[PDB]
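> Attaching a single structure in structure tokens format; questions to follow.
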Amino acid sequence: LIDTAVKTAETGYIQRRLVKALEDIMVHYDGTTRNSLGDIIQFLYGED
Amino acid sequence: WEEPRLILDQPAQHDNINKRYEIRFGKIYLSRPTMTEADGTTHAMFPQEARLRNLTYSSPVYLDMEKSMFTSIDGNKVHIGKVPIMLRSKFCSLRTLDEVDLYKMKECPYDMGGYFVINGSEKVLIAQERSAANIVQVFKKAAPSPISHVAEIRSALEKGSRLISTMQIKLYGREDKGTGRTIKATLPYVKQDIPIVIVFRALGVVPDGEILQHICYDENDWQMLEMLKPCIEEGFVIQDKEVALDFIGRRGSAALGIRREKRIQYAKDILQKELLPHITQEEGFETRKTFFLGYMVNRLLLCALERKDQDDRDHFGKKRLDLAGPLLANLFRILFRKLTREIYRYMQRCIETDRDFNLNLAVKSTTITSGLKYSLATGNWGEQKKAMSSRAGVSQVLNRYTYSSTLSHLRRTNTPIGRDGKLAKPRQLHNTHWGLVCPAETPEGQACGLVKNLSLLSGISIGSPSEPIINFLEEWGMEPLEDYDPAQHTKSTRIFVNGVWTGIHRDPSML
Amino acid sequence: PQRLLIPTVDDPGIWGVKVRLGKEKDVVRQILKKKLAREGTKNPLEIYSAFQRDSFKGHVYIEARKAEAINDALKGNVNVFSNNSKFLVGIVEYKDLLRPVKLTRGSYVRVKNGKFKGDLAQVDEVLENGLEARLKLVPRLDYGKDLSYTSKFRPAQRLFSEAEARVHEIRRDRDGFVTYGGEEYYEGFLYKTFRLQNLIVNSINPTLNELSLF
Amino acid sequence: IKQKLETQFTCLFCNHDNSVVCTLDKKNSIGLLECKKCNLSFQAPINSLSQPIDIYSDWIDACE
Amino acid sequence: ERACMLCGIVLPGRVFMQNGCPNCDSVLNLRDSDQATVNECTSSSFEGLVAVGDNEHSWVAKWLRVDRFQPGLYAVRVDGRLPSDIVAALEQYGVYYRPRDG
Amino acid sequence: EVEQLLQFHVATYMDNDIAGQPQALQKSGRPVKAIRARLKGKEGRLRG
Amino acid sequence: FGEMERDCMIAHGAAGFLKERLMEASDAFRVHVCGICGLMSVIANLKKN
DNA sequence: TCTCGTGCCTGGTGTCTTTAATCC
DNA sequence: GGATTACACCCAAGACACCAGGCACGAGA
RNA sequence: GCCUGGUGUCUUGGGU
Ligand SMILES: [Zn+2]
Ligand SMILES: [Zn+2]
Ligand SMILES: [Zn+2]
């Protein structure tokens with residue numbers, strides 16, 4: 001009961017930082033994967 | 001009687017005539033709870049009226065005060081406030097009556113009391129868990145620290161039971177890092193850590209050979225003796241009492257410029273009182289503190305030598321529960337000083353008029369009455385202006401949803417550690433909880449494992465005077481501390497009474 | 001001439017000291033008691049004077065020759081901050097520390113007390129002794145309407161109307177002068193005595209409403 | 001290495017506060033008090049544990 | 001407490017009635033007066049409380065022109081002025097009134 | 001003393017979490033809600 | 001409508017729905033800005049136009 | 001009828017000393 | 001030797017400035 | 001004869 005009650009907030013914080021790191025990443029019409037600055041993260045999404 | 005007299009003075013030159021004004025507090029008397037209408041009429045208050053009309057069920061408290069007037073050419077029952085009465089206690093008007101008349105007062109015979117009534121709302125005090133006072137605990141320290149082991153103690157008096165100060169003994173030096181592995185202590189109201197040997201010398205025992213005879217009781221133990229080696233050499237140049245006491249005073253948070261002729265006499269107070277005050281505070285008894293200090297260092301090194309585990313902070317024998325009694329005394333103490341200073345500040349103006357003060361005009365009962373009411377109503381444990389830093393949640397509205405819930409709520413205990421600090425150690429069900437707190441009953445969520453509930457057959461010690469126990473020990477063969485030598489007593493058992501080393505006995509089995 | 005009394009390098013020093021707000025007069029008192037009590041003993045308090053200016057909240061000034069005497073004067077005083085906060089005053093600043101510092105008939109003042117608190121009034125005259133001033137004020141009356149007052153439950157301002165008083169609830173004293181409920185009204189204005197300390201004479205700002213009226 | 005430290009002590013002679021500088025030479029066990037105002041100097045022995053309050057205390061006793 | 005308009009000393013008002021002003025009463029005669037007289041020569045309104053311990057060597061006392069008076073509490077500013085009839089009587093006595101009201 | 005106090009009030013008006021000095025307090029005893037504290041944390045303008 | 005519900009609508013790609021929820025269905029407000037300095041310093045009397 | 005004392009309301013202004021781990 | 005970090009949403013009950021000075025009214029002489 | 005405003009800040013106890 002302690003573990004479930006404690007470690008739920010540990011993983012809740014993990015998910016929050018992950019979402020903010022990745023939220024602006026979108027597939028564009030040329031197949032590239034880019035963020036809001038237009039930086040290329042992958043030249044083709046999922047490599048396939 | 002903790003501060004039994006107020007004293008003023010003026011050296012009359014205006015034919016000098018020292019006129020000390022003195023006020024002495026005497027006997028306490030209690031009256032049954034009384035409702036005083038705006039009319040002025042009074043009657044005995046019973047709880048059912050108190051709930052309905054949002055009143056406070058409380059008893060007026062009267063205190064004898066005595067005036068005296070020293071003059072050298074060279075009162076009665078004043079009312080101090082109202083104290084809320086716990087229902088069904090000995091001072092509640094329901095304790096008598098008897099079953100027939102209980103029904104007429106609209107009181108239910110299944111209601112077992114144990115709670116207060118504040119502005120019509122039923123408030124119960126939650127037992128507060130704290131660490132025991134006057135016990136030595138040894139803990140290990142984390143890797144990025146020059147300290148590896150620490151001994152700690154919070155000293156608290158027996159009378160009243162109240163906190164005084166806290167003291168630590170730290171062992172510096174990491175594993176093959178920290179060079180000289182010496183030991184310094186921490187003293188209340190001194191800014192810097194002071195090596196152990198210096199404080200031994202500062203108490204009146206100066207040659208090395210006596211110092212080591214007070215700590216280690218095994219001349220063969222060369223490992224322990226090697227670890228005390230750097231402590232001797234780092235405090236060698238302090239070779240007598242006077243320069244030791246002055247070395248202390250030059251750090252103790254005072255003012256700049258109190259000179260050696262007096263800076264000693266200021267440090268002698270920091271050693272006589274505040275440092276281990278639970279042993280004694282009268283003069284000419286420094287033999288007990290020196291012997292006790294040696295015990296601490298001995299315990300510190302046993303853990304550092306891996307001959308004894310570090311103490312388990314969760315062992316229930318090292319814990320205490322503060323219930324209604326002790327909690328009210330600590331709050332009443334704070335408020336009674338506040339009332340005292342308002343009397344003192346009022347005398348300095350009312351005596352410049354040279355007019356006999358009518359006493360009843362120098363005791364404002366709102367200080368205690370509003371103080372107790374506010375803290376019991378909100379749970380904020382302290383003066384109202386200091387609501388933060390004070391502990392919250394000590395008083396709570398009594399849950400009356402069902403009968404079982406009332407029983408549980410009156411038997412609840414709280415550990416005030418927080419929600420800050422994850423880990424597990426204060427939250428786990430420790431083995432020593434067996435038979436003392438319930439293994440099943442604990443809240444879900446943030447309080448899980450910190451709020452506990454007393455097992456069905458548990459009880460709480462009310463407290464007992466230690467003085468009859470001392471008399472019994474000396475009558476059956478306990479020998480004083482001045483007669484004790486590790487060469488002669490290489491095998492006898494040490495005897496502790498409330499954490500102070502008081503004697504030694506050679507045949508413990510019969511005792 | 002006052003100019004011959006200016007301080008010089010031969011005069012004692014003056015230190016300022018921080019004290020609990022509102023306790024400045026008490027500290028000055030306490031210093032005097034200590035000085036007088038120790039006069040002629042082997043350990044006199046070697047201060048000459050001490051004082052506190054209202055304009056300078058939270059400070060006492062103490063005159064002496066040695067700093068140690070300042071510490072001596074304040075030792076044990078519960079109204080003084082324990083921090084070693086005293087400061088030295090320059091000789092050229094001394095007289096300004098002791099600077100002691102209006103009201104004319106026909107001028108305006110603002111009332112500071114009572115139902116007329118905040119109201120603009122003309123100074124009509126002052127008492128012979130010199131304490132209270134007779135003020136001409138727009139009244140705030142009810143003509144006894146609900147009889148069988150405060151500044152929060154007062155009446156609107158309106159010139160006294162003697163025919164309204166005649167109708168509803170009055171002693172004629174002269175041309176245009178009536179005493180109504182034991183107050184005097186002349187040509188519609190209240191004439192009432194106020195302590196000079198109960199009026200404001202400086203930095204008055206007439207309001208929009210007052211510009212419309214006066 | 002020597003330690004040059006400013007203090008908040010009052011010079012026992014000129015009475016200027018916050019104008020006493022302490023130079024502690026531990027290599028030779030010699031501590032030095034200096035006044036940034038009237039320019040006086042006072043020397044005293046120091047150990048390894050000493051601090052500006054230790055020699056300033058010795059200076060108060062050296063006068064009285 | 002009231003402040004003497006002539007010398008600036010601060011005393012309980014009844015003192016002005018009981019003993020007169022300790023600095024001034026040779027000319028002011030407040031001891032043998034009525035309350036109306038005492039209240040015309042002393043003020044309930046004053047500012048700047050001064051402990052004068054050493055009148056004759058205090059610069060503060062010299063500036064306030066209380067250097068020839070007795071140790072005591074004095075006021076920097078005393079509000080009001082002596083009545084013209086009393087000023088006239090003091091002048092008959094060779095005493096020059098310098099108002100202490102600023 | 002008076003100029004430093006104007007500096008103080010203008011500072012705690014914008015930020016009342018200045019490290020190393022006591023917080024400005026209301027007469028109720030609780031700290032003043034400065035503008036900086038309005039924007040940070042779970043209940044402030046941005047996250048709340 | 002908390003931070004975690006915001007993220008779910010992004011994942012669905014329902015950009016239109018998310019805009020409406022947080023404006024028309026809540027605290028939508030009209031402001032005027034100056035085309036030169038970009039501040040909300042415009043004084044707009046709409047009946048006087 | 002006058003003076004003194006007490007109570008209520010309004011305005012202005014603070015202070016005796018007394019939870020733990022991480023990186024940058 | 002310093003702060004900043006520490007799940008989400010929701011329900012409900014339970015609380016609130018102090019002291020000093022001045023003015024007005026009432027009671028007693 | 002259309003419009004129509006009832007608080008906040010905490011603390012504590014709970015639900016998933
Ligand atoms: Zn010097
Ligand atoms: Zn005089
Ligand atoms: Zn613009």
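Ligands are numbered from 1 in the order shown, chains are lettered A, B, ... in the order of the structure tokens, and residues start at 1 in each chain.
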Extract, using only C-alpha atoms (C1' of nucleotides), all DNA, RNA and protein residues at most 9 Å from segment 59-63 of chain E, discarding same-chain residues fewer than 3 positions from it, and format them as a ChimeraX atom specification.
/C:2,5-7,11-12,48-50,63,94-95,98 /E:50,52,54-56,66-69
> Distance cut-off 10 Å, counting only C-alpha atoms - which residues of chain D neighbour chain C? Return them as a list in words.
residues 8, 15, 16 and 17 of chain D
> Kindly provide, as a VMD selection string, all nucleotide and amino acid residues lying within 7 Å of ligand 3, counting only C-alpha atoms (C1' of nucleotides) and all ligand atoms.
chain G and resid 34 to 39 41
> For the residues in that selection, give me N, CA and C atoms as a short mmCIF file (atom, residue, chain, number, x, y, z; two decimals), in the first residue's frame.

data_model
loop_
_atom_site.label_atom_id
_atom_site.label_comp_id
_atom_site.auth_asym_id
_atom_site.auth_seq_id
_atom_site.Cartn_x
_atom_site.Cartn_y
_atom_site.Cartn_z
N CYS G 34 -2.71 48.20 -30.79
CA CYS G 34 -2.19 49.22 -31.68
C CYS G 34 -1.27 48.54 -32.67
N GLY G 35 -1.48 48.78 -33.96
CA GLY G 35 -0.64 48.15 -34.97
C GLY G 35 0.81 48.59 -34.97
N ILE G 36 1.15 49.67 -34.27
CA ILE G 36 2.50 50.21 -34.30
C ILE G 36 3.29 49.70 -33.10
N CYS G 37 2.78 49.95 -31.90
CA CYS G 37 3.49 49.58 -30.69
C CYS G 37 3.05 48.25 -30.10
N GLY G 38 1.99 47.64 -30.61
CA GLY G 38 1.65 46.29 -30.18
C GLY G 38 1.10 46.14 -28.78
N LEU G 39 0.81 47.22 -28.08
CA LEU G 39 0.29 47.16 -26.73
C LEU G 39 -1.23 47.19 -26.75
N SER G 41 -3.14 49.25 -25.43
CA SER G 41 -3.36 50.60 -24.95
C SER G 41 -4.42 51.34 -25.72
#
> Taking 2 positions as the minimum chain separation for residues in the same chain, which residues sit within 8 Å of segment 7-24 of chain I when counting only C-alpha atoms (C1' of nucleotides)? Answer as an MDAnalysis selection string.
(chainID A and resid 8:13) or (chainID B and resid 378) or (chainID F and resid 27:28) or (chainID J and resid 14:15)
> Would you export the selected residues with C-alpha atoms (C1' of nucleotides) as a PDB file, in the first residue's frame, please?

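And here is the file that came out, part.pdb:
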ATOM      1  CA  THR A   8       2.441   6.755  -8.242  1.00  0.00           C
ATOM      2  CA  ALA A   9       3.747  10.315  -7.846  1.00  0.00           C
ATOM      3  CA  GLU A  10       7.209   9.279  -9.015  1.00  0.00           C
ATOM      4  CA  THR A  11       5.849   8.061 -12.349  1.00  0.00           C
ATOM      5  CA  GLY A  12       3.396  10.938 -12.547  1.00  0.00           C
ATOM      6  CA  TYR A  13       6.300  13.380 -12.552  1.00  0.00           C
TER       7      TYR A  13
ATOM      8  CA  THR B 378      -7.931  25.696  14.737  1.00  0.00           C
TER       9      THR B 378
ATOM     10  CA  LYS F  27      -1.359  42.099   9.889  1.00  0.00           C
ATOM     11  CA  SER F  28      -2.978  38.651  10.010  1.00  0.00           C
TER      12      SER F  28
ATOM     13  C1'   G J  14     -12.203  11.869   2.869  1.00  0.00           C
ATOM     14  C1'   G J  15     -13.174   9.433  -2.653  1.00  0.00           C
TER      15        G J  15
END
> Ligand 1: which residues are within 10 Å, counting only C-alpha atoms (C1' of nucleotides) and all ligand atoms? Reply as a list in words.
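The neighbouring residues of ligand 1 are, in order, residues 10, 11, 12, 13, 14, 15, 16, 17, 19, 20, 33, 34, 35, 36, 37, 38, 39, 40 and 41 of chain D.
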> The selected residues should be written to file as a PDB file, in the first residue's frame (atoms: N, CA, C and O atoms).

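Output file out26.pdb follows:
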ATOM      1  N   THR D  10      35.511  47.008  17.477  1.00  0.00           N
ATOM      2  CA  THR D  10      35.841  48.408  17.712  1.00  0.00           C
ATOM      3  C   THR D  10      37.266  48.506  18.241  1.00  0.00           C
ATOM      4  O   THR D  10      37.643  47.775  19.163  1.00  0.00           O
ATOM      5  N   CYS D  11      38.057  49.394  17.641  1.00  0.00           N
ATOM      6  CA  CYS D  11      39.405  49.648  18.134  1.00  0.00           C
ATOM      7  C   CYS D  11      39.351  50.194  19.557  1.00  0.00           C
ATOM      8  O   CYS D  11      38.581  51.113  19.854  1.00  0.00           O
ATOM      9  N   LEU D  12      40.174  49.621  20.438  1.00  0.00           N
ATOM     10  CA  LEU D  12      40.167  49.999  21.847  1.00  0.00           C
ATOM     11  C   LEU D  12      40.694  51.408  22.090  1.00  0.00           C
ATOM     12  O   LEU D  12      40.514  51.932  23.195  1.00  0.00           O
ATOM     13  N   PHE D  13      41.333  52.030  21.098  1.00  0.00           N
ATOM     14  CA  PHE D  13      41.937  53.349  21.257  1.00  0.00           C
ATOM     15  C   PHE D  13      41.186  54.432  20.492  1.00  0.00           C
ATOM     16  O   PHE D  13      40.697  55.388  21.100  1.00  0.00           O
ATOM     17  N   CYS D  14      41.067  54.311  19.164  1.00  0.00           N
ATOM     18  CA  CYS D  14      40.439  55.360  18.366  1.00  0.00           C
ATOM     19  C   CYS D  14      38.916  55.266  18.342  1.00  0.00           C
ATOM     20  O   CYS D  14      38.259  56.234  17.940  1.00  0.00           O
ATOM     21  N   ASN D  15      38.350  54.123  18.738  1.00  0.00           N
ATOM     22  CA  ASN D  15      36.917  53.878  18.887  1.00  0.00           C
ATOM     23  C   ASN D  15      36.169  53.762  17.564  1.00  0.00           C
ATOM     24  O   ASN D  15      34.939  53.632  17.574  1.00  0.00           O
ATOM     25  N   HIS D  16      36.860  53.790  16.429  1.00  0.00           N
ATOM     26  CA  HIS D  16      36.192  53.540  15.156  1.00  0.00           C
ATOM     27  C   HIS D  16      35.788  52.075  15.071  1.00  0.00           C
ATOM     28  O   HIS D  16      36.619  51.179  15.257  1.00  0.00           O
ATOM     29  N   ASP D  17      34.510  51.825  14.803  1.00  0.00           N
ATOM     30  CA  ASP D  17      34.030  50.461  14.660  1.00  0.00           C
ATOM     31  C   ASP D  17      34.153  49.998  13.209  1.00  0.00           C
ATOM     32  O   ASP D  17      34.199  50.802  12.273  1.00  0.00           O
ATOM     33  N   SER D  19      36.699  48.723  11.759  1.00  0.00           N
ATOM     34  CA  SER D  19      37.959  49.190  11.192  1.00  0.00           C
ATOM     35  C   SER D  19      39.168  48.436  11.743  1.00  0.00           C
ATOM     36  O   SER D  19      40.291  48.943  11.667  1.00  0.00           O
ATOM     37  N   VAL D  20      38.970  47.240  12.290  1.00  0.00           N
ATOM     38  CA  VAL D  20      40.058  46.398  12.785  1.00  0.00           C
ATOM     39  C   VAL D  20      40.232  45.235  11.818  1.00  0.00           C
ATOM     40  O   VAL D  20      39.280  44.488  11.556  1.00  0.00           O
ATOM     41  N   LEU D  33      46.676  42.177  14.761  1.00  0.00           N
ATOM     42  CA  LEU D  33      45.548  43.094  14.655  1.00  0.00           C
ATOM     43  C   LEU D  33      46.034  44.444  14.135  1.00  0.00           C
ATOM     44  O   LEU D  33      47.094  44.929  14.537  1.00  0.00           O
ATOM     45  N   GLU D  34      45.253  45.038  13.234  1.00  0.00           N
ATOM     46  CA  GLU D  34      45.584  46.326  12.642  1.00  0.00           C
ATOM     47  C   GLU D  34      44.340  47.201  12.609  1.00  0.00           C
ATOM     48  O   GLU D  34      43.223  46.713  12.412  1.00  0.00           O
ATOM     49  N   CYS D  35      44.543  48.503  12.798  1.00  0.00           N
ATOM     50  CA  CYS D  35      43.463  49.480  12.730  1.00  0.00           C
ATOM     51  C   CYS D  35      43.558  50.232  11.411  1.00  0.00           C
ATOM     52  O   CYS D  35      44.575  50.874  11.128  1.00  0.00           O
ATOM     53  N   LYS D  36      42.495  50.155  10.607  1.00  0.00           N
ATOM     54  CA  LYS D  36      42.443  50.867   9.336  1.00  0.00           C
ATOM     55  C   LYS D  36      42.302  52.374   9.511  1.00  0.00           C
ATOM     56  O   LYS D  36      42.391  53.107   8.520  1.00  0.00           O
ATOM     57  N   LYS D  37      42.088  52.851  10.738  1.00  0.00           N
ATOM     58  CA  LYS D  37      41.889  54.273  10.991  1.00  0.00           C
ATOM     59  C   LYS D  37      43.126  54.906  11.623  1.00  0.00           C
ATOM     60  O   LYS D  37      43.919  55.543  10.921  1.00  0.00           O
ATOM     61  N   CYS D  38      43.313  54.739  12.935  1.00  0.00           N
ATOM     62  CA  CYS D  38      44.425  55.393  13.627  1.00  0.00           C
ATOM     63  C   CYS D  38      45.766  54.699  13.408  1.00  0.00           C
ATOM     64  O   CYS D  38      46.802  55.281  13.752  1.00  0.00           O
ATOM     65  N   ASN D  39      45.759  53.529  12.774  1.00  0.00           N
ATOM     66  CA  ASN D  39      46.997  52.832  12.402  1.00  0.00           C
ATOM     67  C   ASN D  39      47.787  52.028  13.436  1.00  0.00           C
ATOM     68  O   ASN D  39      48.931  51.655  13.177  1.00  0.00           O
ATOM     69  N   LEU D  40      47.178  51.771  14.589  1.00  0.00           N
ATOM     70  CA  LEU D  40      47.834  51.011  15.646  1.00  0.00           C
ATOM     71  C   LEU D  40      47.947  49.537  15.271  1.00  0.00           C
ATOM     72  O   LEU D  40      47.228  49.055  14.395  1.00  0.00           O
ATOM     73  N   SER D  41      48.850  48.827  15.937  1.00  0.00           N
ATOM     74  CA  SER D  41      49.057  47.410  15.669  1.00  0.00           C
ATOM     75  C   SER D  41      49.302  46.627  16.955  1.00  0.00           C
ATOM     76  O   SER D  41      49.947  47.120  17.881  1.00  0.00           O
TER      77      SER D  41
END
> Write out as CSV a residue-level contact list of chain F versus chain J with cut-off 12 Å: for each qualifying residue the closest pair of atoms and the distance in Å to one decimal, counting only C-alpha atoms (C1' of nucleotides), rows sorted by chain and residue number upward.

residue,atom,partner,partner_atom,distance
F:28,CA,J:9,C1',11.0
F:30,CA,J:9,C1',9.6
F:31,CA,J:9,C1',11.2
F:32,CA,J:9,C1',11.4
F:33,CA,J:9,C1',10.6
> Find the residues near residue 18 of chain F: any atom within 12 Å, counting only C-alpha atoms (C1' of nucleotides), skip ones fewer than 6 places away on the same chain, and give them as a list in words.
residues 8, 11, 12, 24, 34, 36 and 37 of chain F; 3 of chain I
> Dump the neighbourhood of ligand 2 as a PyMOL selection string: all residues within 6 Å, distances computed on only C-alpha atoms (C1' of nucleotides) and all ligand atoms.
chain E and resi 4+6-9+21+23-24
> What's the separation between atom CA of residue 267 of chain B and atom CA of residue 286 of chain B, in Å to one decimal place?
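For atom CA of residue 267 of chain B relative to atom CA of residue 286 of chain B, the distance reads 14.2 Å.
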> For chain G against chain A, which residues fall within 9 Å using only C-alpha atoms, given as a ChimeraX atom specification?
/G:4,7,10
> Filtering to C-alpha atoms, could you give me those residues as a PDB file, in the first residue's frame?

ATOM      1  CA  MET G   4      -3.467  15.996 -18.946  1.00  0.00           C
ATOM      2  CA  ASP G   7      -2.408  16.455 -24.067  1.00  0.00           C
ATOM      3  CA  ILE G  10      -3.253  16.915 -29.091  1.00  0.00           C
TER       4      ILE G  10
END
